[PDB]
Structures are given as structure tokens and as C-alpha cells.
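Residue numbers (PDB author numbering), protein chains in the order written: chain A, 298 to 353; chain B, 42 to 203, 209 to 225; chain C, 2 to 108; chain D, 177 to 223; chain E, 100 to 149; chain F, 9 to 103; chain G, 1 to 50.
Heads up, the beta-carbon is just placed ideally off N, CA and C, and yes, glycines get one too.
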Amino acid sequence: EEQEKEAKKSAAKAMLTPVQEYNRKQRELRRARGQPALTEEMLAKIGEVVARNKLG
Amino acid sequence: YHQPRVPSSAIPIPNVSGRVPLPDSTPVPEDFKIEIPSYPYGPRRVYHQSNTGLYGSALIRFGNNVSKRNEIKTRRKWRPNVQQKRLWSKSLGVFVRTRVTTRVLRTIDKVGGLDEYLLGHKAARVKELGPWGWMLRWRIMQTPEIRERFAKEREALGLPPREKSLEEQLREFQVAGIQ
Amino acid sequence: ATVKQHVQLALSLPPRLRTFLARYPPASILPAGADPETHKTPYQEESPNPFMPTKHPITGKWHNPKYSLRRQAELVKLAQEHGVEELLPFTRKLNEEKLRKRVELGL
Amino acid sequence: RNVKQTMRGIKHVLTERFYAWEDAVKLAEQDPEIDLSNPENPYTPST
Amino acid sequence: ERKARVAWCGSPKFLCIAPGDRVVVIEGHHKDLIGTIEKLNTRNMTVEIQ
Amino acid sequence: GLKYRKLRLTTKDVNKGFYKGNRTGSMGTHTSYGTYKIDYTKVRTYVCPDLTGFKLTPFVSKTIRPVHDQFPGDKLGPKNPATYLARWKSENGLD
Amino acid sequence: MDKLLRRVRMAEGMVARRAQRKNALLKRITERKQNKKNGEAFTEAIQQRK
RNA sequence: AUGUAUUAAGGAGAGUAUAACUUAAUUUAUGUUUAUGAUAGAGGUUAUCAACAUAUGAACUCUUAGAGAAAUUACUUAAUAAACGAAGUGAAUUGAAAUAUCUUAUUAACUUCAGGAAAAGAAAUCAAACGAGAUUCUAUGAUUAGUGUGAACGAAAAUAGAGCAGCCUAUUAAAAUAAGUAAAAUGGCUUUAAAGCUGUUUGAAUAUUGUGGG
Ligand SMILES: [K+]
Ligand SMILES: [K+]
Ligand SMILES: [K+]
Ligand SMILES: [Mg+2]
Ligand SMILES: [Mg+2]
Ligand SMILES: [Mg+2]
Ligand SMILES: [Mg+2]
Ligand SMILES: [Mg+2]
Ligand SMILES: [Mg+2]
Ligand SMILES: [Mg+2]
Ligand SMILES: [Mg+2]
Ligand SMILES: [Mg+2]
Ligand SMILES: [Mg+2]
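Quick look at the structure:
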């Protein structure tokens, strides 16, 4: 009964336009990249900026 | 309404209610229904007359009638300029009869035709279509023209080529009926 | 030891700041011999400056800046509390840009 | 009242056996010492 | 009330007096009388001394 | 009519086509001329076994004190499907 | 199923909430009848004291 | 009455150990502590002389398949009140010592739709040359600015408190940055003439290298 509702809620996915399908397809790919990370070298350079603008 | 007969397609133009009754000639398997995807914004809770035509965003609005001297208020109504025209659809190739307002008739000429007015993907247009406009949108998607036009726009957007169409299922019921 | 302390200051910033710098790192914090144009971040490739609008090549439409003018003022105000205002890209909300524009041109 | 307590106990032990047997069947399907396919010899004492 | 009547000997469900043990009356006209408990009504917490 | 009118209506009060059953079960079907055909597939029978020689009575002597079952350490003592399947092997292996 | 359990849990609560409203009303009727039955023992003692 | 916490479908009919509740109407088991508790006996109807915690059997009919004169028929592992919320439509009593604009009043009421809340929400916002930085709730600001012949109606900035959260890679899957749109004339709504809502007829531009709104 639920499997027939999730397929009825997402039944409008066959009426999407090409640009509507392209946007969604890109969204899936992007969400796999994740968030970049700050390496120790980059963190060490940011700490210098903080200490220089707070203590001297 | 009383819609014409699509030249090369068994599927008829959907009924105002959403039903798609097939003729008796076309053999149909036991308990087979043609369901249209639900309208994203659902029906219109007031002015149900607009759920059966192309009214855009025009509803029946209420206001006051102001007297010339003392300016006494009396409640009245403003109705949209609703007409009934036969709009041509290049995809179907017939004259789709429907009740459309005069402001939507200017939007059909601006975009280049009924098919171009129904295929808009902007949020403001899908709200202007309405339940009846969402049924015509689904119908033209079954035609080979729009199917061959959308398949060509996926090659320009770098999308993989895109199972059985609805017109093929009905075609497979005419051959199975003779076996 | 001093380098370990610098890493403890960068990890003390709020998550809102650490998130922004990660996806829009300025050339200052990049490696010494790094090239600004190379190893760009997936976010930077979409728009070099998130605060500025960016006309789309195919659609010819001016995409609104990733961070609105309100949010640009919350980054400049949040970065100035931890002395990290030197890492944000050019913004009209920068306290130095606000002051420079007045002295240069005036009322 | 005493005759009604014996009638209630009979309905409690029969409901207990039906559910206990309905679960033993499932538990006996994943048992390596029972072969529910053949009824003639469905059990073999493990070595 | 049952908890008050039995307050001095356990509780209504842990009563520490049983039939067959001599008791002494400490209230009423027949005070300081001594008899043996014959019955023990555990509903009203009343005791019969024959 | 003041008060009796407000009680729940029964079949022993009105006669103008008012029918109400006692949930006795449908034992057949109605014919087109007002008769009834009893479908004996719906009729229920009572299976009473032969009680000659049966020694159990509905009472147990009060000498034998009531005792429950311990099932020590097994939360689902009486409902454990493991102690029902393991007990089956030793006693009755065939069936 | 997880949705079939909510149905049962909801039913078990509806019946227990109705059994409490009935039990409460009975505890008050039975109490009101005993108090009136005991009062006849209080009245006899009050009439004999006067 | 207020506060705190928790929870988010409700009622009736009949029957039954008349403290015990569903035709099983006082089911069956676990663990721990048991007077230094918790807050070396008698007693299975002469009963339940044990509390806490965790499991567990059973739980009828109607509302509530279809039909019907609810608690029936006939079938079947058919099943969800009120108040609260948003939108639509929208009065009158009352005040002006009469009375038409106005006030009563974006009120009462009704109608549709939805959830345990809903709605709203991360500025085409306010400010004034300094700057603030989403929404919601409370008070002050304020019998104020203002409107209106009058009677009356009545903001915002800001401040304090409750909460605090940001984002589009939205923690649940949404944009290739928005055109019959912004806006204009006209008829109304709201209102201070602006902004905002709207029927009819018409109808733009493309980013601070100053395009568009206020
Ligand atoms: K006057
Ligand atoms: K004034
Ligand atoms: K205006
Ligand atoms: Mg009679
Ligand atoms: Mg009669
Ligand atoms: Mg009849
Ligand atoms: Mg019914
Ligand atoms: Mg029924
Ligand atoms: Mg206020
Ligand atoms: Mg825009
Ligand atoms: Mg406008
Ligand atoms: Mg203006
Ligand atoms: Mg405007």
C-alpha cells in the first residue's frame, strides 16, 4: 500500500522536460563530490592570520 | 468537451475530469486504466470553473460597488473574460476545443502555439496551466513529435538516450486479440 | 610547537567560517608554490567569486550571487571577530571597502 | 467459577501451542539437523 | 483505616499477629483484659477474643 | 408520546416491515418467491468426542497444591520456540 | 509491519481509557453505598450516647 | 487559576467474579529487592498477606465494506471526533448621543484543505550618510507619526525578553536565476497619495564597467 504511494507520488517523473531531467541529474552527481577539506598546511597558514590579527 | 479524433493515435484527448475512456473497438486487457500523473499544485479550491479550462491565474474576484455621491458600498463580482476557442496543436494535428481566457490567448501567440504554452517548465506556468492544462500537457507528451523533440534536446544537454510508450501497449493489445 | 598552535587556532573558528574557507580558499593559504588557477575547488569552478553575480554562458542570465548581500554582511562581521577578514574575497560589505569608497569619492 | 477456570486454562494452553508450533516451524527451517522436505525421515541426530 | 488499625503490627499485607496468641486489651471498658485470639477478620481488621 | 418514544426501537414494538436479527448467522439464501434455501455448507455442527472411559473431571483435588512452572533463566519460558522444537526431537522425531 | 503495531497500541489505549472512566464511576457509587450503610452504625451509637 | 512535563483520533451499544472488564470478561512467565525493604508460620475462594521493572494470552457489536429504520443484514484479517491552523466568502447588534462615509470588523459565522501543530521564514527588508541583518511569540516605543468632517482608528524604526540556524551538496532530494512577468490606463481592495492584492485592455530591461526594485 505504501509502495503503491511512493510510486504514485513519483509518478510525475515521466513527464519531466529535458532541462528538468538535466538539472536533477547534475544534482545527484554534485552531492557525491562532498565537501572539500582543509589540510594541515592550509590550517597552519590560517592560524598565522588569526594570531597576527589578535596578538601581534 | 467534444474533442476530435487524433489522426494516427488511438489515445484520445483526456476528458475534463482526467479520465481517458478508450473506444470499444480498441481491445483492452482486464482492469487496465490510463492514469495521468497528479497535478503538482492540486485542484483549485475555489472557482471550480477554472479547473476545466485554461484560465492562467484569473479567478472570480469580489469587491464593492461605490456610489457616485455618498460612496455607499455594495458587493459585486469580477469575472474573467472566458471564451471557448478551437486551438490548434501541431503535435496532435487537430483543433483542441477548450475554454480559455483572453489573457491566455495572448500567451499562446507569444510563445508560438498551444504546444509551446503547455510545455513550459517554469514554476509560474505550471501554476497557470491548472488541472485541465496539466492533462493536455500529458497528452502531447505521448505524441511522436514531442517524444522525438525531447529525445533531441537530451543529446544537446549530454544526457544518455532514453520503457514502452503508451501507444505501444495499446498496439500490442490489437495483435494479442487476434491470437 | 608554534605550528601546532596555529592548527589549533584554525580549528577553533566557527563551523560557518571553516566551511566557507574550505570551498573558497584564497591564494594566500594555498601552498607556497601553488598556482591560483590550478587545483581549483569544485565550488570555485562554478563561480570564482561567490559574492559577485555570474552570467551563465549558455543561458545568458545573471545568476544571483551565492551569498546574498545580507549574508555577505554576516560573513564580514563574523570573520572580523576572529581576525580572518583578510581571506574573504572582495565584498562591498568589507569594512575597508566601505571606508575606502567614502574617502576616495565622499558624499 | 471453578469450571470456568478450567475452560479458560484449556484455551490458554491451546493458544500457546499453536503459536509455539508456528514458530518452531520457522526456527526448524534454518536448522541443519532437520529436513522439512522429506517427511518419512525429517530428523537426523547430529554427530 | 486498615493501615491505622494494623500500624502497630506490620501492615495489612504483612500482618504480624496470628490466631492463637494471647493479647491484652488497651481500650474500652474492658481494659487490661487478657484473652486468646480465636478468629482474625482480615477485612475489617477486627479480632474475636472468646 | 413522551418517553417510550425515546428508547431504542425493537422488533417487539413496530411491525410495518421493520426487521432486525439476533446475529444467528446466515444459513442459506432467499428465493424470489419468499422462501429460503438452507445451504448446509454454512450450517454449523458441534464436534463432541466420545466421553466413555474419560477419567478427567473439571476439578482437581485440593490436596494437590497449585504450582506454576519455573522455566528458570528463559524470559519466554512457556513460549520459547526453541524448547518446543528441541523437546520435539527427543520425544517425537518422526512426526 | 511497523504501521500495524501503532494500530494495536492505539486500540489498547482506547479501551484502557474507557475502563478507567467506568471503574472510577463504580468506585464512587460503591463507596457512596457503604458510607450510607455504615452510617446506620454511627447513628445507633450516637442515639445510645444521648 | 496559573505553571511544569508528557502525549497527538474520539464516543457509544450489550455482556461480565459489583475494587478486578470483554463471552479467556481476576491469563501466563522472567529479573531484582524483600524490614538494614519500599515510598524460618497460616492462607488458591476461609483466595488474590508483594511491591518495582520487563515481557505475555484474550480483548465482542456499532460509528467504520455494500445496503439499511446506527449497534441489523451481509461479508471481511474493510477502520481517525472536537478545538487549534491557512485560504475563500463575509454580516449585524454597537459608537458617532439621528444618519449615509466611518466604527463595530480582515470580527462572528459558514466553506474547502492540512498537520501534530499549521502558517511564516534566511531580504528585489529596513535605515539615513552611521549602520542593522530570516521567521514566530511578549512588552515598550504608542491615547505617538498619521488618517478622518467627526466619533474613533492606528504603524514602523529601535529597545528588552523567550527561542536562535542556516541553506541550494537545501539531510531528502527542488533553479540550467525565472515575460504576458515588473509596470501602465481603468474598475475595486488595502491604505496616508507610496509599497502590496486584483478583473478588463495593454506591456519592459539584463548586473556596482551602475541593468532592475525600494
Ligand atoms: K451628529
Ligand atoms: K494625531
Ligand atoms: K499602488
Ligand atoms: Mg406490540
Ligand atoms: Mg404494535
Ligand atoms: Mg422491506
Ligand atoms: Mg456502511
Ligand atoms: Mg458493518
Ligand atoms: Mg507592538
Ligand atoms: Mg531574480
Ligand atoms: Mg502589479
Ligand atoms: Mg515609486
Ligand atoms: Mg513594485
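(1) Does DSSP put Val55 of chain F in a helix, a strand or coil?
(2) Strictly below 8 Å CB to CB, what residues from chain C border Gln332 of chain A?
(3) Could you have a look at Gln124 of chain B and say whether DSSP puts it in helix, strand or coil?
(4) Checking the sheet assignment: what are the DSSP bridge partners for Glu147 of chain E?
(5) Cα separation between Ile186 of chain D and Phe42 of chain G?
(6) Is the distance from the Cβ of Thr39 of chain C to the Cβ of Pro26 of chain C below 8 Å?
(7) Could you spell out where the alpha helix (DSSP H) holding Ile149 of chain B opens and where it closes?
(8) If you reduce the DSSP assignment to three classes, tell me which class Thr93 of chain B lands in.
(9) Which residue marks the beginning of the alpha helix (DSSP H) containing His38 of chain F, and which one marks its end?
(10) Given this structure, state the Cα-to-Cα distance separating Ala164 of chain B from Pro68 of chain B, to the nearest angstrom.
(11) Is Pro81 of chain B close to chain A? Criterion is C-beta to C-beta, closer than 8 Å.
(12) Please find out if some non-hydrogen atom of ligand 4 comes closer than 7 Å to the beta-carbon of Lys20 of chain F.
(13) Does the Cβ of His188 of chain D have 16 or more other Cβ atoms within 10 Å, making it buried, or fewer, making it exposed?
(14) Check whether the Cβ of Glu301 of chain A lies closer than 8 Å to any Cβ atom in chain B.
(15) Considering only residues of the same chain and omitting the five flanking positions on each side of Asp82 of chain F, which have a CB-CB separation below 8 Å?
(16) So if DSSP puts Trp119 of chain B in a beta bridge, which residue, or which two residues, is it bridged to?
(17) How would you list, in chain order, the residues of chain B whose beta-carbon sits under 9 Å from the beta-carbon of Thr314 of chain A?
(18) Using 8 Å as the threshold, is the C-beta distance between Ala23 of chain C and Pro333 of chain A below it?
(19) Using the beta-carbon count (16 or more within 10 Å), is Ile52 of chain B buried or exposed?
(20) Any beta carbon of chain D sitting closer than 8 Å to that of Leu93 of chain F?
(21) Assign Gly97 of chain B to buried or exposed, taking buried as 16 or more other Cβ atoms, counted over all protein chains shown, within 10 Å of its Cβ.
(22) Hey, is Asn106 of chain B close to ligand 10, as in C-beta under 7 Å from one of its heavy atoms?
(23) Report yes or no: do the region 68 to 86 of chain C and the region 317 to 329 of chain A share at least 3 C-beta pairs separated by less than 8 Å?
(24) Rounded to whole angstroms, how far is the Cβ of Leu95 of chain B from the Cβ of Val141 of chain B, which I believe are closer than 8 Å?
(25) Give the residues of chain D in contact with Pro89 of chain F, contact being defined as C-beta atoms less than 7 Å apart.
(26) Quick check on the burial criterion: 16 or more other C-beta atoms within 10 angstroms. Buried or exposed for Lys118 of chain B?
(27) In whole angstroms, what separates the C-alpha of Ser91 of chain B from that of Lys306 of chain A?
(28) With H, G and I counted as helix, E and B as strand and the rest as coil, what does DSSP make of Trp107 of chain E?
(29) Which residue's Cα is closest to the Cα of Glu76 of chain B: B:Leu63, B:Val87, B:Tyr82?
(30) Would you say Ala11 of chain C faces chain A, with C-beta separation under 8 Å as the test?
(31) Just the chain A side, please: which residues come within less than 9 Å of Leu200 of chain B by C-beta, in chain order?
(32) Can you confirm whether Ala348 of chain A, when its beta carbon is compared against all beta carbons of chain B, has any partner nearer than 8 Å?
(33) Which one or two residues does DSSP pair with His64 of chain C in a beta bridge?
Walking through what the data contain:
(1) The count along the sixth sequence starts at 1 and reaches residue 55 of chain F at position 47. Here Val55 of chain F sits in coil by DSSP.
(2) Translated into positions along the first sequence, residue 332 of chain A becomes position 35. Neighbours of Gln332 of chain A on chain C, chain order: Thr20, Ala23, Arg24.
(3) For the purposes of this step, residue 124 of chain B is identified with residue 83 of the second sequence, where counting begins at 1. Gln124 of chain B falls in the strand class under three-state DSSP.
(4) Start at 1 with the first residue of the fifth sequence, and residue 147 of chain E comes out as number 48. In DSSP, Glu147 of chain E forms a bridge with E:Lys138.
(5) Locating residue 186 of chain D in the fourth sequence gives position 10, where the first residue counts as 1. Locating residue 42 of chain G in the seventh sequence gives position 42, where the first residue counts as 1. If I take the Cα positions, the gap works out to 49 Å.
(6) For the purposes of this step, residue 39 of chain C is taken as residue 38 along the third sequence, with counting starting at 1. For the purposes of this step, residue 26 of chain C is taken as residue 25 along the third sequence, with counting starting at 1. Between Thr39 of chain C and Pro26 of chain C, the C-beta spacing is not below 8 Å.
(7) The count along the second sequence starts at 1 and reaches residue 149 of chain B at position 108. Taken as a continuous stretch (DSSP letters only), the alpha helix (DSSP H) holding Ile149 of chain B covers 143 to 152.
(8) If you number the second sequence from 1, residue 93 of chain B lands on position 52. It is helical.
(9) Looking up residue 38 of chain F in the sixth sequence gives position 30. Segment 36 to 38 is the beta strand (DSSP E) holding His38 of chain F; no alpha helix (DSSP H) there.
(10) Within the second sequence, the letter at position 123 stands for residue 164 of chain B. Within the second sequence, the letter at position 27 stands for residue 68 of chain B. Computed Cα separation, rounded: 39 Å.
(11) Residue 81 of chain B sits at position 40 when you count from the first residue of the second sequence. Yes - at least one Cβ of chain A is within 8 Å of the one on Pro81 of chain B.
(12) Position 12 of the sixth sequence, counted from the start, is the residue given in the question as residue 20 of chain F. True, at least one ligand heavy atom lies under 7 Å from that Cβ.
(13) For the purposes of this step, residue 188 of chain D is taken as the residue at position 12 of the fourth sequence. That one is exposed.
(14) Taking the first sequence and counting its residues from 1, the one referred to as residue 301 of chain A is at position 4. Under the Cβ criterion of 8 Å, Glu301 of chain A is not counted among the residues facing chain B.
(15) On the sixth sequence, residue 82 of chain F is found 74 positions in, with the first residue counted as 1. The answer, listed in chain order, is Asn88, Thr91.
(16) Looking up residue 119 of chain B in the second sequence gives position 78. Beta-bridge pairing links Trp119 of chain B to B:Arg102.
(17) Residue mapping note: residue 314 of chain A aligns to position 17 of the first sequence, counting from 1. Under a criterion of Cβ atoms nearer than 9 Å, the residues of chain B adjacent to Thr314 of chain A are, in order, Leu160, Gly161, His162, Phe191, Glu194.
(18) Counted from its first residue, the third sequence places residue 23 of chain C at position 22. Counted from its first residue, the first sequence places residue 333 of chain A at position 36. In contact: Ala23 of chain C and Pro333 of chain A (Cβ atoms closer than 8 Å).
(19) By 1-based counting over the second sequence, the position of residue 52 of chain B is 11. Buried: at least 16 other Cβ atoms inside 10 Å.
(20) Position 85 of the sixth sequence, counted from the first residue, corresponds to residue 93 of chain F. Yes, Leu93 of chain F counts as interfacial toward chain D.
(21) Here residue 97 of chain B is taken as the residue at index 56 of the second sequence, counted from 1. Looking at its Cβ environment, which holds 16 or more other Cβ atoms inside 10 Å, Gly97 of chain B is buried.
(22) As a first step, residue 106 of chain B must be located in the second sequence, where it is residue number 65. Outside the cutoff, so no.
(23) Flag = no, the region 68 to 86 of chain C and the region 317 to 329 of chain A do not touch.
(24) Counting from 1 along the second sequence, the entry for residue 95 of chain B is found at position 54. Counting from 1 along the second sequence, the entry for residue 141 of chain B is found at position 100. With 8 Å as the limit, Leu95 of chain B and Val141 of chain B qualify as a contact, their Cβ atoms being about 4 Å apart.
(25) Position 81 of the sixth sequence holds residue 89 of chain F. Neighbours of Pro89 of chain F in chain D, taken as residues at a C-beta separation under 7 Å, are given in chain order as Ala196, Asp199, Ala200, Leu203.
(26) Mapped onto the second sequence, residue 118 of chain B falls at position 77. Of the other Cβ atoms in all chains shown, fewer than 16 fall within 10 Å of the Cβ of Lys118 of chain B; this residue is therefore exposed.
(27) On the second sequence, position 50 is the one that residue 91 of chain B refers to. On the first sequence, position 9 is the one that residue 306 of chain A refers to. Their backbone Cα atoms lie some 24 Å apart in a straight line.
(28) Working through the fifth sequence from its first residue, we reach residue 107 of chain E at position 8. Residue state for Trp107 of chain E is assigned as coil, using DSSP reduced to three classes.
(29) If you number the second sequence from 1, residue 76 of chain B lands on position 35. With distances taken between Cα atoms, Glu76 of chain B lies closest to B:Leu63.
(30) Indexing the third sequence from 1 puts residue 11 of chain C at position 10. At least one chain A Cβ lies under 8 Å of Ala11 of chain C.
(31) Taking the first residue of the second sequence as position 1, residue 200 of chain B is located at position 159. Correct list: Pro315, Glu318, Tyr319, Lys322.
(32) Here the question's residue 348 of chain A lines up with position 51 in the first sequence. No, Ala348 of chain A lies away from the interface with chain B (no Cβ there is under 8 Å from its Cβ).
(33) The sequence position of residue 64 of chain C within the third sequence is 63, counting from 1. C:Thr55.
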